[PDB]
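Presented below is the structure to which this report refers.
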Amino acid sequence: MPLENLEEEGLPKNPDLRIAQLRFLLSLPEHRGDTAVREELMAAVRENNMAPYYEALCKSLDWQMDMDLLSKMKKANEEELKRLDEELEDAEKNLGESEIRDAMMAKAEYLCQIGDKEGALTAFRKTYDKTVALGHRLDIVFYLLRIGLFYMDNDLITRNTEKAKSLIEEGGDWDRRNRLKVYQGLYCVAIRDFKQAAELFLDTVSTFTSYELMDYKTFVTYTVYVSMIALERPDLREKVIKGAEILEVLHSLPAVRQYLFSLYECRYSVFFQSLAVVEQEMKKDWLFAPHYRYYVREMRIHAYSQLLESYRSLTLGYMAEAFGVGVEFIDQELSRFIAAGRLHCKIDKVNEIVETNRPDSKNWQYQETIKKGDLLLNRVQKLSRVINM
Amino acid sequence: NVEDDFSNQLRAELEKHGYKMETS
Amino acid sequence: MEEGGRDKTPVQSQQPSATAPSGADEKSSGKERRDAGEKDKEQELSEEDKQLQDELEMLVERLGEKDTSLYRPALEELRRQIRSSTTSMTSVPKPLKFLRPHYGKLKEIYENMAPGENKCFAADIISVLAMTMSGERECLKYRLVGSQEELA
Amino acid sequence: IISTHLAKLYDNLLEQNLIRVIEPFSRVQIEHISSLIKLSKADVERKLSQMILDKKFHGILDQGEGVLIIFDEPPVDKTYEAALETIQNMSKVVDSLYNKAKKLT
Amino acid sequence: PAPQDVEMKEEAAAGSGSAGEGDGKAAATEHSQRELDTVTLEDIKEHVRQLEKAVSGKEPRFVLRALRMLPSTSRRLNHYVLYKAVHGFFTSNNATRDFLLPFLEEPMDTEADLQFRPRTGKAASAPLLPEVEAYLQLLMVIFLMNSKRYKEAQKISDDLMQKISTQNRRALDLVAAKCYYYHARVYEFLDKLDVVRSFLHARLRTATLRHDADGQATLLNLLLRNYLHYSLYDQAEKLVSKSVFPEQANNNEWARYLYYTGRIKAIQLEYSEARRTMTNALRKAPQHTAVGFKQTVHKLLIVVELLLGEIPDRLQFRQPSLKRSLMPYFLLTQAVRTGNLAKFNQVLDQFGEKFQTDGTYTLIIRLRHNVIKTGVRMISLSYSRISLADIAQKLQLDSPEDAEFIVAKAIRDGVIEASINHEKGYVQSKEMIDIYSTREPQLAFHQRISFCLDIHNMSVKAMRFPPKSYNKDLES
Amino acid sequence: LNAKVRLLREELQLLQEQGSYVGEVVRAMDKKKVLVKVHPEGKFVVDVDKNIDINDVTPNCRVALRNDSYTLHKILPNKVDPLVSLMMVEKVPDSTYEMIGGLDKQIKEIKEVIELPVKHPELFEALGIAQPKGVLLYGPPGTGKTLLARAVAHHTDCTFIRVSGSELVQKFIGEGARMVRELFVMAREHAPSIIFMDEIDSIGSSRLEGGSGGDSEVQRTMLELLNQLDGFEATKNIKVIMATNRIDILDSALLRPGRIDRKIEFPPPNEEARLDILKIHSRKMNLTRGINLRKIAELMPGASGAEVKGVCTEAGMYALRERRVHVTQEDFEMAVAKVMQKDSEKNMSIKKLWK
Amino acid sequence: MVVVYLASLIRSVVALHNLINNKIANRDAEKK
Amino acid sequence: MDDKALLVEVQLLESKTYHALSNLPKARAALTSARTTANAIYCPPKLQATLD
Amino acid sequence: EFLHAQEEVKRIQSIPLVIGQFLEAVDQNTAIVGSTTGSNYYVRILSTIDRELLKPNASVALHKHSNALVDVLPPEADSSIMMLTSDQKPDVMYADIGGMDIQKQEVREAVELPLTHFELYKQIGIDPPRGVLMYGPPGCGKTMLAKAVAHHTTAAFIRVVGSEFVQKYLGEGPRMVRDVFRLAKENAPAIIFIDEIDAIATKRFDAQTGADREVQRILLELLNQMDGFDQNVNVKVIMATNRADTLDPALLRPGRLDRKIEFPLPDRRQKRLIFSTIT
């Protein structure tokens, strides 16, 4: 459910339409009692303004904190503090297992709200430790994970998702599995591995019905953006376009649906202006990516690939119009992209052929073998050197 | 070093809308 | 059972008494052997003395929770002790009284538990104590003859 | 329900009919195949274009010359593939090999 | 008191050294002697025992506390590292030495096999006498290089370590061989005008007559490092070529040789080879002894890689965590990539002094060819036929005509490989779109097969040598 | 390489030697020879080997034989027995008193009876007169007699060897009716053991009413040796667990005093039991969506326990069809229905247009 | 190769130790 | 414990929606429950036709 | 010399050979086996070839000249020809019949899927499917469904009748009951099918009738097999009967056989499918 908060963060990250989301972002810490925490979440947003608060500036677009946001925070910590103490007292009276862990979570929330991040993490470990069912242990990891995802600090997210996945078969906490599927996909977007996200998301929709987690419909929409970015058309074709998920929702999909339709129609002018549209509505609406530069390279390389894959020759004009990006730009990107060999092409600009060496040929299979092969020799030498003396 | 692609993001979206008309 | 965490008296017990006999009596194992033998220090022997009345009471609850699994893990080591070997012979006023309940613990293991091993371990502790104690020992046997609960 | 059914019927028809015309390989012209297949010029170009990507005939379409080339059988890929497989397994191993080695120096 | 706590560890130090000598003396056990002697023993002797616990006044307590002057002088040798005739030539914190109270412990264990009673010191003739003497010096040199002692102490090392030895043996020459190299690094660091090279050359003649594999390998690598400092190019070029530099050498030896060979090759316009050895060198070099030279390899290498036309990553700068020191080189990386000369010339002169220390400055000036080369290289490879006019607008070259000569020269060098057709005026890529018709996939595989076979032959011989050495010497 | 060459060469000559069998030394004779009873062939009296002798091999011990000379080789603790074949299918026992049962009373009542005589049989002998005789587990299939028997085995620390009430179960060297003695010898050796004597007494109708009968005849003797030979009268380390479905419906041999001293009654399921048993199974199989275990327990109790096991398993099968990897509520509830109606259809037959 | 070397390193400790044990035994004798 | 002819009809209509997306698994599971109560007619002609 | 020596053993590994069944290992060196020649043997296991995948239960071959265990046979070898479905096989499939499509999917789900795939059932976490009891009207091709899935697996099928379970030498009959089930485990994936239990699953038996004694044992052993099978990957007994009143109502009941399937006696649609084949 708190997945909305991540959508607020994301849109300002690329500096375009930031203005409205900045305000909406600010409102969430009042409720929570998160004043201090906000500065930390602000960090994730980076490459745009997020600095102004009641305790800071009021000059830039990002929204000022209320006098009320501050006061609510004072209330919340007092109240949290009161709950923690109260919860322990009740624990002495009755069962040890359930009651005590609930108490430690109160302590972690209290430290997490004032801003003592280190303090919150030692407390959170305590929670995990205490003897209760595995099912109950999972419930406690999901809150910290969401919080972790917000800051986009990598370490926190790794730990939680990884243990959470183990427990499912062993406990038999299949019921928890539903929240978890969505949670695995969040992790998967969060590292610079959009590849994983594309396979992960598609699975997530079919196995999900409901058990205390964000709507079904929201995921499907999100599935399309990951699916396209990572996957090439034959994989994409089977999975989403023939598959159930995208069709059932129908509405609220047009940016993404326009992409799939255009790609089917195979008129590349139409696909490229929809690339841009799905980049602005969907892709920038995610905070996710520990280096944004990787996200941009993958969307351009994918679209490029489709155009080049279909044709061994194109005239330069058809290719250049289809992209809609500059001579300077096309060239500038192309030099980086070719090295990888996902494109594997070259531009005969003076006769006007866009030739493709073919990423399905002998030239390709060689490029990979050699590239891996040479580096392996250097490695045998480093191992060999240690062993003799 | 740092990828020129990032700087390219803002510039590439806008280019697309104009370019298609400008050149065939 | 030589623990200063309470099993014996480094200070006056009352908490483990009720609790321990049901599952397998842990309290009396360390109390009779370990405390007597390590400290024959007389101020420490007085705590045990105060404890002594409690010690008598332990026999009726112990007969309530009889059952072969409950009884077998509880005592193997009391059986083994010798008074002259803890050298608790060398203080007569307070150890002599500690022997009065100590016997009452042993008798259940000796016959009721039928195997050959329990009898033989049990013999060595009764004899040494009986000869040294004599006159008071005759009274001690009579108390047992009657039985705290009149069972088997 | 009807639309979906009709659509599945459409993708299959399109693939069956193509195989017969294409079959000689080499550089068959988009136009000669078009006539035989029982299609229009505009429609065939588009159908072929979708198909290369899908690899539903394993050819390449050349829009610069205006011919459809179908990929002929090439010499062995096998040689490269066995090398590729051997080198990847050795890379996993190297990572394990170094750690124990640390003990020496 | 203070020397009592570290006393436990001095007996430990003595255990490992005494054995090492023992081994050497019985025939050729050579392989086992060099692994023990270098990084392994040294990382422990200095760091764990002296620094960590505190008390560096246990080093001249270790090589003297009997009062041995030795039959050929080495009394001075021991003084200069630590405790010159006063409290500490660096760190004292010793209440017993041989100038504070003689004796408190015996690391000497009453037997000539590191040290022994004063009876040896004033005169002996034993066959145990050369063995202890060579050894004596290894123990001392261990603190010298780590702590970076300087001054007169540095100057007088050479005298004692060689020209007291001109007769050795294979066992003894190996030990001495290691001692000379450590002193040589300490010498290099001060940037003294007093000739480092002269001693190292004199030491070489002794190395060669015993015909000890070890002596040649150690001296030669250092002799190149000395040569770079003075900046006398011709002698180093010849010296590198002569070095066969054995396959069975310590890890620090391997990293340092490749590194020198790379510096030499880079100016030469053999940068493809220089960059591979230099990248390798950084990885291969340790965490402890290597640190002075190590720094220098990462700084130089960034310039050297550019010389090939490699574009070095940001991860390279961040990951060892040296990014600050590397910051100027980072600027050159940007300048090379863009293709415009004005930024490259400006940086070269301004950081000029800083570069000269590291020995980069001669390599920095070579990048002017490279500024343009690296930018034309990305553009020629990526595309097929592109105009000289495209190359010039993007790269910020003067003229298409200017860009045309520049590409011509590069294809002659053959690190961009192309043929230019100045008809219409494009630069054309070489490409066959099938390499199966050519031998190249086979040739690539075949090269690996030779390289692989070399590992098998190297491994069969190496494997038995240490257990064999242990058998004769007797193992518990 | 020398060694490898040698191994094959020696292997070739050593092996060529014809024959090599197995026997059992039933007994030894004053001629310092031993009688070997070769199991499907003639009996042979042979001299002791230098590898093993009369001191080394005690009576009614299985042995290896070498050559056509039927000389001793090694001692074998094993014997071909139908018990061996029954173990293969049995595999590894499972379950505990709690899963099956659910109520704290059920677990206490089984536990005291069974466990304590294995721990110390000497005590029991003293306690009454003689050692406690067979015990009887009976109940509805909502305690499941064979399954309970597997749950008991972990606690008691015995090797569960299930023993057929049949003694036509051997045809190894002859019928079991004939070779009652072998079953006994193996049983002893792999002590402690639980011999689960399963005779449900819903086999036979006239056999139950009467005292005579072939099945009755053979069964009676196998029991009588247990007393005569002793080791179920000197000891009870090996527990004879009889199983029947009712207090009284027993065959005359099983029923009579002196091979009985205990009969135990367990209830059929209740909501409270069904909760426990369903929970434990649910977690193993696949737990349902949002938990509705409570709902199903409240609504109605299981006919047997088997029925609750069946509901969890059946649920998992439907979810696969769906393209899921886990059950939902929709599957879990459907499973309940499908197992119970089918039971009620098979069991009832007064319902034709009645209730 | 690498496996035999890790073992070879362990053999080294025993083998060094032997030369030192002899030393310690020679010294105990000369000191009485 | 309940199936009825009218309950099946909801499931028949759900299968139809699933067929149109191009997904057989969830539909196949649902088909089973629906045909079983159907076997013995107990329904007006409209239900029968939907099940068919 | 090693190459010359290996030659010599190969010859022995090959014929002449005499078959047995290998029960169990008492040593890696030597093991205990039973022959078809009427001798139980202690035979040596050949060295410089594996003796550690020798150890499980399987058919085995012993050399005639040397009296040793030189090599192993599959568990497939030495099957009876007395037995059904090892000189027959079914050729039917789902397409070949029309109706009872609902019933066909249930049988298929239970029998066909675990054999082919052990992994799917594991991931979900449930115990693989138990056997299916088939009872219904005569001639609706209830058994036909059992044929169609059996054919699809491409694995061994052991098919026995009730009559084959009971004796062949008097009192052989209970022993035979143990044999059939274990034999299927050695050559698993496999299916065990019982056409008839018309006098075996009936509660009523005597012992005053000598004949009844073997039969009353076959029923008791069949109850047991179901217990031992559970909490493992062994699928239960798949059986065919005429009615639902021959079997016991309180010794066999659901969740010991997952699916107990009745075939519709009224079924309008099933008949529509029979006519449509003609169409």
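Even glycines carry a Cβ here, placed using N, Cα and C.
Lifted from Swiss-Prot, the feature list:
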COMPBIAS  C:10-20  compositional bias 'Polar residues'
COMPBIAS  C:24-51  compositional bias 'Basic and acidic residues'
MOD_RES   C:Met1  N-acetylmethionine
MOD_RES   C:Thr9  phosphothreonine
MOD_RES   C:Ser29  phosphoserine
MOD_RES   C:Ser147  phosphoserine
REGION    C:1-51  region 'Disordered'
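Structure with Swiss-Prot features highlighted.
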residue  : record             : CB count, 10 Å
C:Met1   : N-acetylmethionine : 15
C:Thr9   : phosphothreonine   : 19
C:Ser29  : phosphoserine      : 20
C:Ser147 : phosphoserine      : 14
(message) Tell me which of the modified residues C:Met1, C:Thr9, C:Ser147 ends up closest to C:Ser29 (phosphoserine) in space, Cα to Cα.
(response) C:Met1
(message) If I take the alpha carbons of C:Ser147 (phosphoserine) and C:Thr9 (phosphothreonine), what is the distance between them in whole Å?
(response) 27
(request) Please classify the secondary structure at C:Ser147 (phosphoserine) using three-state DSSP. (result) coil
(request) Can you grab the distance from the residue listed as 'N-acetylmethionine' over to C:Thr9 (phosphothreonine)? Cα atoms, rounded to a whole Å. (result) 11
(request) Sort the residues of the compositional bias 'Basic and acidic residues' (C:24-51) into helix, strand and coil with DSSP and give the three counts. (result) 21 helix, 0 strand, 7 coil
(request) Using DSSP with the three-state reduction, classify the residue listed as 'phosphothreonine' as helix, strand or coil. (result) coil
